[PDB]
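Structure record follows, encoded as structure tokens.
Every number in this text was worked out from the coordinates using simple rules, so none of it is lab data. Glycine also receives a Cβ, built like all others from the backbone with ideal geometry; neighbour counts cover every protein chain displayed.
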Ligand SMILES: NS(=O)(=O)c1ccc(C(=O)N2CCCc3ccccc32)cc1
Ligand SMILES: [Zn+2]
């Protein structure tokens, strides 16, 4: 009886195995745009993805991860609110059953159709497993998806999904350029928070871009054909794999822009 997104094992149950679910710095959160303060001390984000080495795509039973070679500083995030160098390890998405829900963060209570998370770990801790035990161990770059025009840079991802339909399936996924998933603007909000799935560790500097990317209805429909279940098991469509907004508590969300 493992955690998931259903009635019986979904977010409102997670606290029983993972008591930190009710913690002081849990993610995601609603971003109230009027309350978020411009911080002129914040630097522009430095997204250095030119030398990124994608390797594989994995259906892990809760989402799909596009995995990168993080054995050296190739693809890194620095600047913004961060001190030091954060290495890209994987990206994944959260999405809905319909366009009106799917994002984890919200903006003045608005839910987007989906949310991209580019996950990075602080290289001063040496490995990812060490980093997740530190308050400044991870930096997750969050990008909203709205449904409209197709995102050309996402199509390679969409087209491989048929080959990783079920939990535990993986496929070779080399030479994928995540630059193709970014919006024009790197304006962002930032706050201290957590992983949004178990083990819900409070180890993340969140950086959420203001500008959504547009994807097509056909693109997101293909996400919704994935399966939570393993091969040969009763089909459970991988939809609504998002955690709702959590209490902000004693935290401040800062804006990089006026
Ligand atoms: N949605 S997110 O961007 O906040 C996110 C969530 C979880 C993770 C993540 O590495 N996992 C989660 C589950 C298995 C696991 C086991 C031990 C340490 C970390 C992890 C990474 C990024
Ligand atoms: Zn995520």
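Residue by residue, here is whether (1) crowded, with 20+ Cβ neighbours inside 10 Å; (2) in contact (Cβ under 8 Å) with a residue 60 or more places away in the chain holds:
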| residue | (1), (2) |
| --- | --- |
| 13 | no, no |
| 33 | no, yes |
| 85 | no, no |
| 111 | yes, no |
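Residues in the stretch 132-153 that are away from ligand 2 (no atom under 16 Å from the Cβ) and within 19 Å of the chain's Cα centre (by Cα) were compared, and the one that is surrounded by the most Cβ atoms within 10 Å (Cβ to Cβ) is 147. Of all residues in the stretch 67-121, those satisfying the criterion of being away from ligand 1 (no atom under 16 Å from the Cβ), assigned to a strand (DSSP E or B) and over 28 Å from residue 222 (Cβ atoms) are 76, 78, 79. For residue 179, the stated conditions hold: it is touching a residue at least 60 places away in the same chain (Cβ under 8 Å) and either touching a helix residue (DSSP H, G or I) at 6+ places or on another chain (Cβ under 8 Å) or within 27 Å of residue 253 (Cα to Cα) (or both). The single condition among (1) within 27 Å of residue 20 (Cβ to Cβ); (2) away from ligand 2 (no atom under 15 Å from the Cβ); (3) in contact with a strand residue (DSSP E or B) (Cβ under 6 Å, 6 or more places away or on another chain) that residue 127 does not meet is (3). Selection of the stretch 35-54 for residues being surrounded by fewer than 17 Cβ atoms within 10 Å (Cβ to Cβ) and outside any loop (DSSP other than H, G, I, E, B) yields 37, 38, 46, 48. Residue check: residue 124 meets all listed conditions (1) more than 27 Å from residue 69 (Cβ to Cβ); (2) touching a helix residue (DSSP H, G or I) at 6+ places or on another chain (Cβ under 9 Å); (3) exposed (fewer than 15 other Cβ atoms within 10 Å of the Cβ) but one, namely (1). Of all the residues that make up the stretch 127-158, how many are more than 12 Å from ligand 1 (Cβ to nearest atom) and out of contact with any helix residue (DSSP H, G or I) (no Cβ under 8 Å at 6 or more places or on another chain)? Final tally of qualifying residues: 8. Among the residues of the stretch 155-168, the ones that are touching a strand residue (DSSP E or B) at 6+ places or on another chain (Cβ under 6 Å) and either within 16 Å of ligand 2 (Cβ to nearest atom) or within 21 Å of residue 101 (Cα to Cα) (or both) come to 0 in all.
Screening residue 50 against (1) within 29 Å of residue 253 (Cβ to Cβ); (2) in contact (Cβ under 8 Å) with a residue 60 or more places away in the chain; (3) out of contact with any strand residue (DSSP E or B) (no Cβ under 6 Å at 6 or more places or on another chain) leaves a single unmet condition, (1). When the residues of the stretch 113-122 are filtered to those that are without any contact (Cβ under 8 Å) to a residue 60 or more places away in the chain and farther than 10 Å from residue 141 by Cα, which remaining residue is nearest to ligand 2 (Cβ to nearest atom)? So the residue we want is 121.
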